[PDB]
Structures are given as C-alpha cells and as structure tokens.
C-alpha cells in the first residue's frame, strides 16, 4: 500500500511514532498536519528583520533525566551546552531565582549561610502548618512565609491563572520551593540544551525518512474518509483534540491559552538574559523573553544593534485561541473520563490510537511526549502493525 500507518499531527508525539514505525518496522507512514509546518508548538523560525530564532507558540527549553529519550533525540540533532537560568523582577530589582541563598540575601538584606537560611525559612513559615492549608496561598505561606509569598508568588500566580490564589487548590504546591545553596540552574535534569541548528531543523530531520510522507495544511477530519478508504487496515495515531474528535458530544474541555507580543527593538541587548519574570501585578505580562540569549554561540550572526523580545500574557482559551494548558476543573476531569471511554472504544473498533497533549488532555514536556510516544510504539503499535 501507499501507507501502513497514518499519524494525525506532527508534534513531538506524532513525529516520534512516525519515525519509529518508519525506521524500526520499515513501515510507510503518512503524517497529516493541519498547520503550514512540522513540529507542533515546538516549531521555531527566523524573525525576518534580525534573523534571530524565535518561537510563536512559547519558548521551548529541552531538559531530561531520561537517558533513552536523550540518546533518541541526539540521533536527529546535536544540542548546545545551554543551561536555563531565570531572573525575577520585583519592585524594580532583578532577583536571582529560583529562591535560594542569592534571592534570600537580596531580599532580606544580608548574607544567610545555608544553615541560617534553613532557620530563617522555618521562622517565616511557622505561621501556617502545611497540613492545615486550605488553598494555594496558605500552602505557599505554610512553606516559605508571607513576605516571600507576597513578593514572588502571589501576583505571578494570579496573572497565570487569572484567579486569586485563595481560590486555587492547596495541591498546586507540593514541595519546598527553596534551595539552601547558591545554585541557580533552573532545571534539575541530567541532560539539557538547545538544538544547535534550531527546532525547525531538528523536527524536520525526524520526519526526513524514505518511509515517511508529510502532508501539511491538511485537516484530518476533512480527508479521513478518503485516506482510510485507500487502506482500511492501516491504524491511525491521532494527536488532535480529544473532545473535537467526538464532536464535543460530552462538552468542551477547558484550556488556558497564551498571547505573545513580539517586538524588534533598536538595541543589541534589552535585558541581558533570556528570561525575566515580572512578579508584580502592575505588569500585565508574566515574563519577557529575549531570544538572542538562548543562543549566545550565534552572536556574530546576530545583529549588533537590534534584538527581538516577547511579552507573555496568560488567559482562558476561547474559540480561535490556541489551547495550551489543560485547566482540569473537576468538570473537566469528569468529561475527560467520559472521553477516555469513547477513545478506548474507538481504538477497539477503528484502530485509532489517542496520544499527545491534545489527544489525551494532558500537558506534556517534549521529553515526556517523546517517552509517551516511545511507549505507545513499544506496547501498542508494534503489535497493531504486524
């Protein structure tokens, strides 16, 4: 046949499943993608005026402690030695971040040793027992105290969720967000970096295989009857929206979206760092990204007098908006269980598997999407494609 497997969507989940089927099982794979490009939200492109690599669906930082995933992705791109670090802007000062000896010194006014900082945090957080916390605000305070909470957590959290933290689940915070050393590596994973030649080259390399066909600007729901009629026995891996697949018969699942305001400025350097969080309520955006600093190794390709920045705004996703983060209200959770039952039945009757962020209503980092795809490949697809 012209294809043995159909993959709907070319995000990291779809790309991984397609590439494994193509290279490991020698199967012909047809990837159907609704957008004008590969890669889903991880896709990046050159900003036209400066040439700087930017993102239109959020900044993407790759990090993992999963060696299998790391070895896998390095087949398709090399990674720089980039390490993500973040600064937090509060009341006109850029704080070291996450919370640690650095921020603590800056905020409380003098140097605290590791042991002194431990003592300080116990004093500050004595007010509420975490076992007694009834919401996010209390849970935060019970861990780090009011001054730190009110300075670095309250408004940022309020902006991201568009909710007062007194109305958010105590379960949103599950561990002490404080380090008792000067380590401000943002992520804690064994492996970390950025694709040496950008995300677009990486994701394009994954789909670059003699056994893989890609059709861009193509909506699955507009072509599915025709495609499946060409080879009825070919299974489908669907990574589009789960609720949309079943005509919203159980309601619309709720998502958070993001707005990005991207500007080219007439300076070579706007903030001297890739990411600056804006922790104060007076700034409507949560953070500013300055894209050139994600790739300092490209400096003599970047302009000396211009830079691209991007302000990030969070809100509830309405019709038209890109769905990014599942909200997971108990209503959402309940119509999700209903959709899982429909999906499971569809797999049994129609050989349609459901995966990825949209297909399963679950936020997935890139390495988690890849791991999830590798698992579906191993445990489901190898058998379905015999």
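Positions refer to the first chain, counted from 1.
As listed in the deposited structure, the average C-alpha B-factor of 181 to 189 and of 250 to 258 is greater for 250 to 258. In this entry, 123 to 131 shows the higher mean Cα temperature factor of the pair 104 to 112 and 123 to 131. In the PDB entry, the Cα temperature factor peaks, among 355, 39, 58, 330, at 330. Within the selection 146, 293, 228, 287, the deposited Cα B-factor values reach their highest point at 146.
Placement of the Cα temperature factor of residue 321 within the chain: highest third of the modelled residues, per the deposited record. The PDB entry assigns residue 161 a C-alpha temperature factor belonging to the highest third of its chain's modelled residues. Annotation for residue 136: CA B-factor lies in the highest third of the chain's modelled residues.
In this PDB entry, the Cα temperature factor of residue 34 sits in the middle third of its chain's modelled residues.
Per the PDB record, residue ranking by Cα B-factor puts residue 274 in the lowest third of the chain.
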